[PDB]
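# Descriptive structure summary
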Amino acid sequence: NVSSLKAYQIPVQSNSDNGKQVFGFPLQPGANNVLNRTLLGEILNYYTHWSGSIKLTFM
Amino acid sequence: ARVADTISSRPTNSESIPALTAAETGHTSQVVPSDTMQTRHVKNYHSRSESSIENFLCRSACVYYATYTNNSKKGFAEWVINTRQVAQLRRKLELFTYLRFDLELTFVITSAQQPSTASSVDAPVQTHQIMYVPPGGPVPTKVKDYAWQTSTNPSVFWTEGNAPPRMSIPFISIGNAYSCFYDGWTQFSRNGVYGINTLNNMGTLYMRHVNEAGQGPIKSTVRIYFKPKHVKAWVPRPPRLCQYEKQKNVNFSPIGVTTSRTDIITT
Amino acid sequence: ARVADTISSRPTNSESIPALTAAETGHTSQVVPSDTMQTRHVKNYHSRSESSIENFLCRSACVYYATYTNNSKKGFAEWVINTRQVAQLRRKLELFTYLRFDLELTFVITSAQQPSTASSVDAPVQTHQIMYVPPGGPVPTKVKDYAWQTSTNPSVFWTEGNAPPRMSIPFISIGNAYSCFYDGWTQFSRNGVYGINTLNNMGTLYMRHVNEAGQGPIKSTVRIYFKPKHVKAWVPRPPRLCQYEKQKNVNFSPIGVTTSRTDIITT
Amino acid sequence: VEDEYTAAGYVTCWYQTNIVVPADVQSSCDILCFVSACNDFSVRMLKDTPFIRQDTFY
Amino acid sequence: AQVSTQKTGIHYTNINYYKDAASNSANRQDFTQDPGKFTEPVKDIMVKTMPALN
Amino acid sequence: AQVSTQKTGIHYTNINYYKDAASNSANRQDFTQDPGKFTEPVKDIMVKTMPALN
Amino acid sequence: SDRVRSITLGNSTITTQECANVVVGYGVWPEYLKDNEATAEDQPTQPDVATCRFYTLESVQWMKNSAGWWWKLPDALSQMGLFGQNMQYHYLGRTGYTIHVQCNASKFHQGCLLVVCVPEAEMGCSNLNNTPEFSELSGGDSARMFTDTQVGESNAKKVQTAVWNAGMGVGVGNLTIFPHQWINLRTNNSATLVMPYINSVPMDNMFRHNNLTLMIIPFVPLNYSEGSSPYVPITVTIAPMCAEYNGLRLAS
Amino acid sequence: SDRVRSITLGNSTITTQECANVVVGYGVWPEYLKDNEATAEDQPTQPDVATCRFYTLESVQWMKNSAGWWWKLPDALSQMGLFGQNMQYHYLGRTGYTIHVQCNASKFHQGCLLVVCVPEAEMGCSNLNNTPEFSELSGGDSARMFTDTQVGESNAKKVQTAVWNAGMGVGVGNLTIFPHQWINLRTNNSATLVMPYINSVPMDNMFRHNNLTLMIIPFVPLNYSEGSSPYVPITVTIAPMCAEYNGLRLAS
Ligand SMILES: CCCCCCCCCCCCCCCC(=O)O
Ligand SMILES: CCCCCCCCCCCCCCCC(=O)O
């Protein structure tokens, strides 16, 4: 899905059970390949140290 | 430039909804983490001083290097001034659309001995000349030329074994800012050259040995370093994903947005 | 910082016992010699200025030296920055547990001529480049590499025959002090690396010739010198008895506490 | 850079209840994700990026 | 001679020697922030505790 | 310009030239002593002339 | 009379009739974290009566050919009450300590003990290439003991436990630069040390890092005559002081 | 717009876009014990961020032939985090609660639920001589369900789980005298009840006594048409409020 617009979409269905996982990734804003290439993760790759909070918005 | 500090908070049960928003408005939410959970009071002493535009861009970066040989017919070097032949400074300057700065120029000159055939080769100290020709002036065609008289073109002389030469350049432009991107043509008929090559007119830089070829050839190499001072910047831009291919245009080969993993739940 | 002076005293016959104490309390006795015998008044002008932490540690000490050859495929040098490969600075810094200082860096570069085979060998002045890569950046793989563009990594250039290069480094750390000793692991499962190697992440230092191999090989050697400024120190420590064996850990071979004599009454 | 001494943790997402849908409506939906920084974020120790290459001059 | 404040975590002196303003040193101490023109470029202001759409 | 006292057994002048406080010279004249936190780290104070245990 | 103390912490009390003074760290008493030094920005948990109380470890026998014992301090209390349950559910934490070592014998016995507390006591291995594994470096409220001999190089992952080098390559007589007391059976019966929080960071994880080490070394060996009691125990009692935690998660 | 809430407790948050009001007990908000009502005379423990937070139980499926479910309230949280660890080491304790039942469906479904909270809901047995044993009266955060039939007398120790008698011998329509809300799928999406501490003594042991019971009874059954989603879950989330404990001892 990396050579597509499907990399940005998170699939959601109607299940027959309860308590399933949707996604999951480790919080590494400059080394993990999920948050690596975003607008926040490109400024961090010019520096070495970072500190502060991080917002995550879901639509 | 201190950052904001944390405010203590209490358990709530109310009508106010900080966590619920609408991202469809094109408006980034202004929530702090003291609205979604219970926090303590923390005084932050951190500063944002190292991320300024004056601190991010004011470092020396190599832009070109050229060679020229002593014992050679027409042995001298030329370079048309641009900032698009290197990959590291081109990606830093193209985070913005319009820039305006002064310049600082530094040259690093070396030398090397070529395999001559004579015995008892011993050469004196070498002297170099670096000339700048603004667009429209006369250009040198050889080493022993009248165009090196430098009556009004600025030049510099340097003897090997000292500190490197350095000078300052002001904001030389015809517009109100430098332009990293140009979406248009140079002709009114919309033919021919399309892109940033229609705005690039900065001059040419010439290099030569002032000494004579005594008894053995010598090959020199100059290196040029740019350093922007007094920087202003406008209209930020996404960083480049693909690799650069040419100098005049922005042609690329398509590539994926990230690297892959084996599952969506893989940590 | 003058020392205390001597107070005159008289013969006593009383209930007060300065000489009798109890060392079981973990408390060092505060007796002066004017309590156990008859003294005269002596004004001391001695000072404790030369034993301060600012005077004991602020001297230049060699930490490493590396070599690199001109006429060689991939001839350049690298070094991962630490203070544990020499025996004299390691014993001075490990009298404390936590330290906090600025730094001063000095390089001493020499050269030597290698046994070439050509006749009339005569080389110009040599220029060297020393590059610093913080952890995470791109590293050079050879001499003619794109990674030496030094767009944002700090580097220095130097021509042979001048004063040695020097620069300052602030207190770069993630914690609140440097740690000479770490009693723990890097994994939460308590496996793998144990010791001070879990806290060492300072970068790598690269060295190369900027000139070209003209007609004869040249072998250079750089030497690195550390000098701490603006020093604070906490929690002193006993000095090391045994000899150091490795760099990553504190492994030793056991040895006696002193050297021996032939009797307990031998003077 | 990746470092086990300064790890930060994990972010997950689970179903609390189900996705209940009417008739003549498609069951499969999608979710987009965004990321940004708060007003206490800061950086330090500027270096080079590992996201660009070069072999020869352009 | 300008006397400035010398960033710490004490003063220094600075004199200009040349006739052109392009010959001076870098600024390096102009800390100014305006993040609102990129993060909230909307017409009507939005309070955080109120809902976005009424 | 700072005028200090020049250790003897007379003054001198010092000006700072750079913008960062890590570029200054060494301190070398901060003489401060507190030996009591290592030599007498006890709870109740102990007078020298009195016995240690009563 | 300076010879009596009484320490009260929670629902527990220590009483002593024969004692030296109380040694307080580096002159600093334990205290909670301030608003100027904090970095973790959520609210900490302070139980303060369920954790700050006296926990007693096991007892060791002082023999005649006895060399010493040691304990790693935020590890012996890892299964003790509600102190060891808050360590499993949280990620950070900071604690000060109060240690009370106690040993009694008659007026017909002799011997001397040194009770020190060493911050960041990193130890060495018997094989010169490796580092010691976890099972030899610490135990769950059980003493690891020194020995008067030298461990051979034929073993792979074992601690070098020669007493005169103190496990760290230094002289054992110079261990009195750390906060310490002595137990002299002629005059003393116990030793009490109060230690604050010492680290280079304001909080730390208590399962990957031991920041204190308590050593008990007999300098003068135990001696008695025929007919006296041959069994002499040593008991250690540790109380946490001003403990707080951050970062709730699963149980680890 | 009264339709939105936001509840914040510790490091957890609930957000709701379709809600009724919040029912507060008998008009009383939870609070700590005063000095006039106390009887146990040692200092209590108040962790207050490690225990007072939202814990989520399991989920149950609302079927068409569904009768009801119940939970005993200081028993489902007996293995949840640091709340269930303080109950094992202490002898006394008092707690208030915040319950949030949540169930979503479309505009094409129907049904109604009653969510009450019954103090001292003593239940009966199917055999008229015995009393029900512990395994049928409660479970560890798992629902015990009613049934539309009558349990026979041939069983020995089982609860009489006829829905119209509500397990207690009373009328099921009169359960609205207790603090309650409704979930109507036409208009509602959740229900929130805040309960204070109700007992005849100021503190009590939390392992021999369940003083609250949460029942969810479908009065109008779930109905939909062909093509709509057949799986509809129900989820319960409970948060302790102003909890304190007394009487430290061994782990039980
Ligand atoms: C010896 C004197 C040498 C003088 C050198 C002057 C060089 C002019 C510098 C032009 C700056 C180019 C900036 C980028 C142009 C653009 O992006 O369009
Ligand atoms: C050309 C510029 C070179 C820059 C060199 C920067 C070197 C960083 C110095 C790190 C100090 C190391 C102090 C000891 C670390 C420790 O003991 O854990």
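Criteria and thresholds
- Residues numbered from 1 in each chain as written, not as in the entry; some residues may be left out.
- Chains lettered and ligands numbered in written order.
- Part of a larger assembly, values for the part shown.
- Heavy atoms only, no water.
- Near = heavy atom within 4 Å.
- Polar contact = N/O pair within 3.5 Å; in protein donor to acceptor, adjacent residues only side chain to side chain.
- Nonpolar A, V, L, I, M, F, W, Y, C, P; charged D, E, K, R; others polar.
- Core = buried A, V, L, I, M, F, W, Y, C linked by side-chain atoms within 4.5 Å.
- Buried < 20%, exposed > 50% of the residue type's maximum accessible area, 1.4 Å probe, protein only.
- Helix = DSSP H or I, 4+ residues; strand = E, 2+ residues; numbered from the N terminus.
- Contact = heavy atoms within 4.5 Å.
- Buried area = accessible area lost by both parts, 1.4 Å probe.
- Salt bridge = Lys/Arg side-chain N within 4 Å of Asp/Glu carboxyl O.
- 1 Å grid on protein atoms, 1.4 Å probe; cavity = no way out; pocket = protein on both sides within 12 Å on 5 of 7 lines; lining within 4 Å.
- Points joined across faces, edges and corners; volume = space filled by probe spheres on them.
- Pairing = 2+ DSSP bridges.
- Axes fitted to C-alpha atoms, helices over the stretch in contact; angles between N-to-C directions.

The deposited coordinates for this entry were obtained by cryo-EM, with a reported resolution of 3.2 Å.

## Considerations on the site of ligand 1
Residue and element names in this part refer to chain B. Taken together, the neighbourhood of ligand 1 is formed by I81, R84, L103, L105, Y132, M167, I169, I172, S179, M202 and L205. Interatomic distance of 3.4 Å between a side-chain N/O atom of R84 and an oxygen atom of ligand 1. Its residues assigned to classes, the shell around ligand 1 comprises 9 nonpolar, 1 polar and 1 charged.

## Quick notes on the nonpolar core
Core analysis: the biggest nonpolar cluster contains 66 residues, and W62(G), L175(G), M215(G), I216(G), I234(G) and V236(G) have the highest contact counts within it. Top contributing element to this core by residue count: strand β7 (residues 110-118) of chain G, with 7 residues. Formed by 41 residues, the second largest nonpolar core is a distinct cluster that contains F56(B), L99(B), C180(B) and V231(B).

## Structural notes on the interface of chain C and chain G
Note on interface size: it is often stated as the accessible area lost on association of the parts. Opposite the 40 residues of chain C that make contact, chain G presents 52 residues. Buried area between chain C and chain G, summed over both chains or domains, comes out near 4000 Å², and the portion from carbon and sulfur atoms is 57%. In terms of surface lost to chain G, no three residues of chain C exceed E24(C), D183(C) and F252(C), which account for 18% of the buried area on that side. Applying the counting rule to chain C against chain G returns 1 salt bridge. The salt bridge involving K72(G) is made with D183(C); its shortest N-O contact spans 3.0 Å. Summed over the shared surface of chain C and chain G, the number is 18 residue pairs in polar contact. Of all elements in the fold, only β3 (96-113) and β9 (218-236) of chain C reach the threshold of two or more residues within the side of chain C that touches chain G.

## Focus: empty space enclosed by the protein
There is about 150 Å³ of room inside the largest cavity. As for the largest cavity, its lining consists of 15 residues, and the residues nearest its centre are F181(C), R237(C), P238(C), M168(G) and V170(G).

## Considerations on the pattern of salt bridges
What the rule picks out here adds up to 24 salt bridges over all chains. Where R90(C) meets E94(C), a salt bridge forms, and the shortest distance between an N and an O atom there is 3.8 Å. For the pair formed by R90(C) and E94(C), the shared burial category is buried. The shortest N-O distance in the salt bridge between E244(H) and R94(H) comes to 4.0 Å. Of this pair, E244(H) sits in strand β12 (residues 233-246) while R94(H) is found in strand β6 (residues 92-102), placing the two residues 150 residues apart along the sequence. You'll find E244(H) and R94(H) in the same group, each marked buried.

## Thoughts on the sheet that holds strand β4 (residues 127-133) of chain C
Residue and element names in this part refer to chain C. If you walk across this open sheet you meet the 4 strands as β2-β8-β4-β5, and the pairing is antiparallel. What marks the edges here is a single partner per strand, and that holds for β2 (77-80) and β5 (155-159). Strand-to-strand twist across the sheet, computed as the mean angle between neighbouring axes with direction ignored, equals 15 degrees. Bridging between β4 and strand β8 (residues 204-209) involves 6 bridges; their strand directions are antiparallel.

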